[PDB]
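> need the 3D shape of this:
(4 chains, ligands or ions: 10)
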Number of protein chains: 4
Amino acid sequence: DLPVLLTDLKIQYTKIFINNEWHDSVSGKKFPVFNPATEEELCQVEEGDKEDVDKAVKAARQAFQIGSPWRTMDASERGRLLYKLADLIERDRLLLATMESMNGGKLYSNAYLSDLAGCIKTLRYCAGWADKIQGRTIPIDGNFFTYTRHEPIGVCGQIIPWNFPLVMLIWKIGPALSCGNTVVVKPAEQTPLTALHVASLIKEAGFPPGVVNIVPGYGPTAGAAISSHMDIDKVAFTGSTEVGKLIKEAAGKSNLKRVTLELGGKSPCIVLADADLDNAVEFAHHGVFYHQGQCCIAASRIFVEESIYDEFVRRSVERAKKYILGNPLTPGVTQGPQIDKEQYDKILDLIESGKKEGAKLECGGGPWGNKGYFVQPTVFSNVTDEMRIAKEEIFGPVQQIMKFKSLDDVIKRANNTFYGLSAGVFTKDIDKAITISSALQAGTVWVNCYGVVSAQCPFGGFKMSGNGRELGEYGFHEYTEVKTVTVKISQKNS
Amino acid sequence: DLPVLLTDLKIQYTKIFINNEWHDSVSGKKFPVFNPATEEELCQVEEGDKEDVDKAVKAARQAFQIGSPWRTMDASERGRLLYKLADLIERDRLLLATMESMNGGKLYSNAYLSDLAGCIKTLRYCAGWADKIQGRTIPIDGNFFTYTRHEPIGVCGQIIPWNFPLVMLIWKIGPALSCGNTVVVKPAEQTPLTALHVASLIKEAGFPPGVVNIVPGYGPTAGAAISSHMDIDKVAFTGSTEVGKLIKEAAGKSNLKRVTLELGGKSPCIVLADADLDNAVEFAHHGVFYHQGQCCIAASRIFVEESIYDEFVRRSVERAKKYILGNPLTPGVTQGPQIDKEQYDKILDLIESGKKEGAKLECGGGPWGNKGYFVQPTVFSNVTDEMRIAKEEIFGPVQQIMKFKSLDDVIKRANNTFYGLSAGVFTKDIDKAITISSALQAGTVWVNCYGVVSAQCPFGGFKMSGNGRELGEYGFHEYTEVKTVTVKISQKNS
Amino acid sequence: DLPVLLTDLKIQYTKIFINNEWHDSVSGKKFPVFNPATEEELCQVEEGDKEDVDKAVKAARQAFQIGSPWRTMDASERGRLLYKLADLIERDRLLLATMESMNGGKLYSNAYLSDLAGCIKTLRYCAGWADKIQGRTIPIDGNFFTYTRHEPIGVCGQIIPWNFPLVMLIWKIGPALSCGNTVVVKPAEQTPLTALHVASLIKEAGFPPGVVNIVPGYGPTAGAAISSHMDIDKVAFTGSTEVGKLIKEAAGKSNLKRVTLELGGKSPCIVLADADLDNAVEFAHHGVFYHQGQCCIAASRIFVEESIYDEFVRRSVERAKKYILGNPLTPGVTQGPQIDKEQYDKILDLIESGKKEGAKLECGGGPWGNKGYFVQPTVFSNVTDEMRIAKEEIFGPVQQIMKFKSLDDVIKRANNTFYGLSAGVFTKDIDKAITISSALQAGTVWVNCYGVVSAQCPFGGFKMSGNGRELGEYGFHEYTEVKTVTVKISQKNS
Amino acid sequence: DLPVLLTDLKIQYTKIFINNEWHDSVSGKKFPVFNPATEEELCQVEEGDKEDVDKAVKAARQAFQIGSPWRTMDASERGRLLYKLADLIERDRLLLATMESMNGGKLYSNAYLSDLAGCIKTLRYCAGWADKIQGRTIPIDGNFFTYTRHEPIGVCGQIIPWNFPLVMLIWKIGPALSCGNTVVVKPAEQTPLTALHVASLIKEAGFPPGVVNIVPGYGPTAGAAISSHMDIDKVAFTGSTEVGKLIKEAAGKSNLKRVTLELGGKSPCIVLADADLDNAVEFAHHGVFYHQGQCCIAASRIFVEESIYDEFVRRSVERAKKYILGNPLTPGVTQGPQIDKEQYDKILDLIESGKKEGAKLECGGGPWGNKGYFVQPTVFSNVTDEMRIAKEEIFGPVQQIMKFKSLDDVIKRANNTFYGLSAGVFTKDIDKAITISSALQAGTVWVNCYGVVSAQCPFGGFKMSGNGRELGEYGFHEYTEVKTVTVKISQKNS
Ligand SMILES: C[C@@H](Sc1nc2c(cnn2C)c(=O)n1-c1ccccc1)c1cccc(O)c1
Ligand SMILES: C[C@@H](Sc1nc2c(cnn2C)c(=O)n1-c1ccccc1)c1cccc(O)c1
Ligand SMILES: [Cl-]
Ligand SMILES: [Cl-]
Ligand SMILES: [Cl-]
Ligand SMILES: [Cl-]
Ligand SMILES: [Yb+3]
Ligand SMILES: [Yb+3]
Ligand SMILES: [Yb+3]
Ligand SMILES: [Yb+3]
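Residues are numbered from 1 along each chain as shown, chains lettered A, B, ... in the order given. Ligands and ions are numbered 1, 2, ... in the order given. This is the structure:
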């Protein structure tokens, strides 16, 4: 069932959120937020800069002080607040999905059924962990009692991307808050709006002031202020590998703050001759085209064994030809726009390289419409490994399909990238499934599926696709700081 | 490579081992130990009874007292002693394998290459855990510091079976000692000898006195004294399901001591039409015939899909016809005797039921030789589920082969037993492998193999095949007792 | 704040609960439920016997079948149902606390503020674990992929005591359901009513039918049917050590079902001369007198260093003299009745032994009132270790206070019992706190407090005070059954 | 007992170690290694540069390839090799301690009894973990089987400091190898020699070639080549905070390699009025003066409550006056030299600042001897927080003693530093011990002791004292890379 908002959406929250109150920018400057489907301005939002990041950090630091409400409340109560926040997001599901669709260029059906479902479920998952973060008692050598505390790290700067604004906001704040940290969030300049609504709900839920502070603004200004701040303990970032390198560099230069990155990919699929063919076609298809290709896990290199290659390419192309482009709020529409001009240009440029470097254009390959940043869904076959479309993350609706005959070699080709976020293996053979997935240098390996993400699983990159993991049990480690306490005693006993 | 002992084996250790010294029995009675291959007496061993179990428990209790060397030594040093003991067993590998072969009716090749390899490796595995047993620090509600201690339980009574005397001795003492317990071991009346050599090595390694006490004797006398003792904290037993019920009952009646049991099985294999056929034949074959069928995991019901049933039965029968019976010390011999008269009779009785109830005898089905408890390797095809050979653990070289056509039904037939130790699934299909192994009510499920046991894996039964698990991380839990310590504090912080 | 029910309580649910529907007993027999404060009958409830336990188990078995809604739903959804059930109990907090107070003889203030708070919080804690129960992937020797599944065990029989009916119901069903088990609950014959209301709420929450079945009735009839059933996989019991031995025995006799017991105690406190004296008095006081002494953890032996003994005894006695006896529903009342005749008699009998064996009666020592099972709060000083009041669990408002001068000896006296549920240590000295708590043979050791119980902590007995642990991470282990799956592969890699 | 080497030490291993063979440098250049006690050259060692780091990385990459001996061997066998290496280091204990003493300026007694003991024990600890590194099976939403692999990361660059060359070498390679990584080690330019002997032993133990490669040389040349290499997956570094920032920056600039740092400290002790005074004096003394102050954990700010300050300062000063300076190989000598000119100058410079800024010089404060880099043991009292000696890591035998009267304020002063490696709390009060240790922003907090380090504990910095943890269970996480494998299945069951 797909319900809708009965009256039109009004924008209410447009200010900087610090100590549970709404702040004008220090400068007094504001910046426009656009609908990528119409290119029309939706509203103006307060432009956070370094001076506003400073206010946000001071508030987060104060909320983190020993003896504060957030440090002293029961872990179970941190849990409770997070589950309350999930209930509120569920209450505002229609509003949030519509705002997400409108600001983010994201299909409403997907926004409502997937993004918001995952956002609520992931919050509820994280809430459950709050009072289950535990240290150890350790049988050290000598006459000592040794225990560890898995403390919160402290003030965590969190830079959110534009492709999944609500989901990524919750991936960040959910674990960070469950573990007892305070946060300074910088949502994407393209998509500040849903985060600012969430801030209103954080206040409503009863989080102590200063526990969550949200500072909208640009990357090079507010994002740089976060990455180079001398009193931010950790920075978490999702986005391009380029900006990832600037984050990690600036942390080293400033205060050696902890860094976790989720960056791009050039994720491969290997489709064996014995695979369920239309399952492999359908998952590889959705693997690359989901949300206009604007997924870090985009299945952007599909290697198919020679004897099934032609049939795979054909079936893929007919699937790509079924889309309806338009406003992502209109029902029946199955593909929205790209997020902005910068991305739009980058995609069309890379589409042209495929043409010039000699890939076989099967369909698409140009723009669409009078307004909006729309790219026709594009499929290239006979792609080769030194092509630009095979090396660079497109972040657009552009599928690459390659052939292989040797399994040894295709694994090398799959692994021959600086990326390593994810990969897909399609086969019916037990041994192939286990051995190939083990050999791929990818953080998530899907077998006979693609793009299956859930709160219970850790998620992140090998190589230049990232540092660290988010979600699962394992992801919660990176929002704690471990303290060993070693107490002299007269005599220990086992 | 298979080296041998250059001079003949002499028996040295035949006494009760308490506080690292050798004790005559309280009564002064001794009991004979036999070679099952010749039916000839090997030696006399001191007969432990209730009165000697009492001395052993008092010594174990004293070695466990707060402030004792065993309670106060570094965990890492418990580890060190265990790795030292492994080195000593490796030094005496030839001696121990020969004694194991001679007393246990066990093929020397297997004794030397498998039993002793596994015994050494499992000890070394357990040694590694000693200083890695850890409790927790817990974010309890209220202003409290809460931690847990994973303490040793205390005095652990450990009753060892005759089928794998050295291996099972080490499965018991390795984890128990790693965790800091003291032990009173009662090796099988049939096979006391290798345990008594190990005791000599425990002394040599430098274990504090009273940490390991070994009391040979009979089950109904010494084993009952252990199970009903008022100062034994835990009993661990491997053997028949019948005796398992008496152990668990007597613990309840006496002092509610902790109980873990590894009992029999009637373990099924399901062989799908798509399986690698000779791999399935070879593993199912070794699955049921290993060590004269005297394995709790014996693959004693092999269900084979109809279309490959005849070929499976044929190939199986030709494999069963390749054996050479005789003294397990002679090279080239590939099948030794059964352990004793009691077992020998039980097997022949059950072979006769198969005949009378209408199973198709494919080969074997009677005794062998002038001396020794030898049973011809026996294969029955067209076995049905209400036959005695399909319901009762034979513990002999007797294979049952059934047919099936429906996967739903064969899973019900596989699960339709009070047993549940293990099972085998043979297929090339990923989905079948995962779904079938999930649906089987068996503690270990092997896929495209059988009888793969290693120290890193937990091992134990569903249903009446046992309570608890041994080895792996998980098995170490059952040799600890958890204490929660909750300290009032003025103010907690996360 | 202490709100109350605005109209009088009516009893609605009095039937056996199986497959989410209300059943008359097979026999058609009913049994009375009494108010212990008035000795007046509250209602009649359907008397479950063996024949009704059988219906309940068959339903639980069907709800557990592979492919059923409960086996196939997401773990996260098991979590969701449990948090929903907590919300419903919170909605019915007034009703449930009043019914709990009225049926259980339990002070309303305590019922509302403590029992119901803990019940809701513990459910919410358990809900959080549902999708965080995980197995392992294990680096086994050889070319194999090995993983473990921490499966639900299956049908769990759960026998609930009368002292904390709602709390203990939730301690049982919360973990059992979180882990995926189905349950057959037998609440206490004295206190069936609040469990039957909870059943109505389980239906309301949307649990699949057969996942929770509640069968009220007597112990020797319905409780024995559970303990000896051939298709119940596990039994969990809280109550007397006497009945605990019968449970464990019958499990051994029937189907070797898994057993966990939380039994009585004779829990000691050691109060050092340097202790905060009135903190030690107040906690030791509440430690023994809470809920009319009807706590398994009753601090029923208080050892106080000689130099502070007289002052401790005096201060204790003046605290014991402050109580107001009466109907536990009336405000200002600070002590309700004992649960029934059987318990009432047992307490008065033991009070008389203290007198006859020569303890110094400081106050109390007889009955109270015209109606109700009231015992005056009783304090004995100069108690010695062979007295009946020092050895036997009274389960009544009867405090024992002893003296000691040697720390070595008082620890031996503390540990010189077959019990071992809990203990208390009162001192300002770091080393004493750590060394004493380590040396006590007690499952929970409180330091400078007593009776601090929370969902995040494991809880259970050493020795004859129990087998296994409930709650915490550690307690969830005993509601799983571990399966090892070992898959043959061509080549493994680390 | 302190045995010694019976003949004089000869230096044998002086070459670059790659693929288990000894390599001359690509350039052919060599660099001198000095004895800091005599300032005399001990030998020449091959100077590794970028070109030699490249050979080492290519070899490590090849040893890490899927299907290689190191990737395919049993985890238990990785364990075995590590325990074998420990046995070899134990065999060469005299040789290694003497070489360590001679090259490192380290007291022989300490080298033999502490450094080598810890090195052997830590290796044995790490060996135990090898086959106990496990992933998870995870109850993901939807019809999927999800598991994780805790894989080795790959090629790990490891830069070792000069203060504890053998110990730090083993802290690095032990966990890295246990987890299955290959390593390129760059020992300190001052202290290459003991690492090169260890390399000879790695070959002897039977490690596959390319698993450990050791490249001696300078920091700015070989260390920079490691930190900026495009095919090194992780860098681990121990040393100054200054160089730590350059490492973390260069990783960000090159290939976003994983980074863990153990950096300097300015570690505080808080000594309460109720503390055991001479225990606090003795531990705080050894806390700052151990190994000529060249410990990252140096207790370099000792805050003492006013009423015990004078007595503490006095007692401290008399302890500092007991030392005998000289060659660290001569028996009875209790203080050796500083490591080199650079460090020597830095210490004397900072000693002068204490004088000029107005600290009270209690003893020491200048150089010692005709040869060697000796600094007199120096004590400053009445130190204040803006003094250079209170802010900067001296890394020399220079003690700072401060006074405080307010506990709130002294905690702020303790925490008012960019450092945060460790701290010490001295008190008899339970509550103070727990609350203060919780409030300190330090990775290890010792209570009534100092400098207690063991393999079972995680160790590392808060703030600019480091990123990540070494040793313990927790430290092993940072030598794994987590892969999630999610397999589509027809139907899951719990
Ligand atoms: C000796 C084996 S255990 C083993 N190996 C077998 C059985 C049937 N076929 N094979 C090859 C078999 O039944 N076992 C066994 C023995 C006792 C308890 C459980 C299982 C072993 C391996 C690794 C470690 C260890 O301690 C023991
Ligand atoms: C109601 C308490 S349990 C509790 N609180 C007590 C006892 C004696 N004094 N106090 C204050 C006490 O005995 N219990 C208790 C009840 C059943 C089993 C074990 C312990 C609670 C707290 C948190 C969670 C929960 O489920 C229950
Ligand atoms: Cl994981
Ligand atoms: Cl496990
Ligand atoms: Cl625990
Ligand atoms: Cl830890
Ligand atoms: Yb345009
Ligand atoms: Yb005969
Ligand atoms: Yb009466
Ligand atoms: Yb000089």
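
> buried residues in stretch A:481-494, which are they?
For stretch A:481-494, the neighbour count (16 or more other CB atoms under 10 Å in any protein chain shown) marks A:481, A:482, A:483, A:484, A:485, A:486, A:487, A:488, A:489, A:492, A:493, A:494 as buried. Where you see a C-beta, it was placed from the backbone N, CA and C, and this is true even at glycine.

> would you mind listing what in chain A touches chain B?
Counting by CB under 8 Å from any CB of the partner chain, chain A comes close to chain B at A:66-67, A:70-72, A:74-76, A:78, A:131, A:133-142, A:147-152, A:179-180, A:427-430, A:433, A:447-448, A:491-494.

> and residue A:3, how many neighbours?
Using other CB atoms under 10 Å in any protein chain shown, residue A:3 has 9 other residues around it.

> of the residues of chain A next to chain B, buried ones?
Among the residues of chain A next to chain B, the ones that count as buried by 16+ other CB under 10 Å are A:66, A:70-71, A:74-76, A:78, A:131, A:133-141, A:147-152, A:179-180, A:427-428, A:430, A:433, A:447-448, A:492-494.

> so who does the residue in chain A that ligand 5 sits nearest to touch?
Closest residue of chain A to ligand 5, CB to the ion: residue A:134 (7.9 Å). Shown in contact with residue A:134 (CB atoms under 8 Å, 6 or more residues apart in numbering or on different chains): A:150, B:136, B:137, B:138, B:139, C:473.

> keep only those of the residues you listed that are also close to ligand 5.
Contacts with ligand 5 within the contacts of residue A:134, as defined by CB under 5 Å from the ion: residue B:136.

> closest one of the contacts of residue A:134 to residue B:439?
The shortest approach to residue B:439 among those belongs to residue C:473, at 27.8 Å (CB to CB).

> just checking, that closest one is part of a helix?
Yes: assigned with DSSP: H, G, I helix; E, B strand; the rest coil, residue C:473 falls within a helix.

> so it sits against residue A:131, correct?
No: here residue C:473 does not reach residue A:131: they are 10.6 Å apart, not a contact under CB atoms under 8 Å.

> tell me how chain A divides into domains.
A:1-264+A:455-494, A:265-454 (curated CATH domains).

> the last one near ligand 3 at all?
Translated: domain A:265-454. No: against ligand 3, domain A:265-454 shows no contacts by CB under 5 Å from the ion, the least distance being 11.3 Å.

> end-to-end on that domain?
One end of domain A:265-454 sits 19 Å from the other (CA to CA, to the nearest Å).

> could I get the full set of helices for the stretch 251-400 of chain A?
Under the criterion DSSP state H, counting those that start in this stretch, the stretch 251-400 of chain A carries helices at the ranges A:277-289, A:306-320, A:341-357, A:388-391.

> neighbouring contacts of the longest one?
Counting contacts by CB under 8 Å, 6+ apart, the residues outside helix A:341-357 that touch it are A:293-294, A:338, A:361, A:364-367, A:373, A:375, A:378, A:380, A:383, A:387-389, A:392, A:394-396, A:398.

> and it, C-alpha only, in PDB?
Below are the C-alpha coordinates for helix A:341-357, written out as PDB (Å, rounded to 0.1, in the frame of the first residue of the first chain):
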ATOM      1  CA  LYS A 341      24.200  20.300 -12.500                       C
ATOM      2  CA  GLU A 342      27.700  19.200 -11.300                       C
ATOM      3  CA  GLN A 343      26.600  15.500 -11.200                       C
ATOM      4  CA  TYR A 344      24.500  15.800 -14.400                       C
ATOM      5  CA  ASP A 345      27.500  17.200 -16.300                       C
ATOM      6  CA  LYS A 346      29.900  14.500 -15.000                       C
ATOM      7  CA  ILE A 347      27.500  11.700 -16.100                       C
ATOM      8  CA  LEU A 348      27.000  13.100 -19.700                       C
ATOM      9  CA  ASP A 349      30.800  13.600 -20.000                       C
ATOM     10  CA  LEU A 350      31.400  10.000 -19.100                       C
ATOM     11  CA  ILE A 351      28.600   8.800 -21.400                       C
ATOM     12  CA  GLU A 352      30.500  10.600 -24.300                       C
ATOM     13  CA  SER A 353      33.800   8.800 -23.400                       C
ATOM     14  CA  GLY A 354      32.000   5.400 -23.700                       C
ATOM     15  CA  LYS A 355      31.000   6.500 -27.200                       C
ATOM     16  CA  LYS A 356      34.400   7.900 -28.200                       C
ATOM     17  CA  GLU A 357      36.400   5.100 -26.700                       C
END
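
> got the residues of the stretch 301-450 of chain A near chain D?
Residues of the stretch 301-450 of chain A lying near chain D (CB under 8 Å from any CB): A:411, A:418, A:433, A:437-439, A:442-449.

> nothing else from me, thank you.
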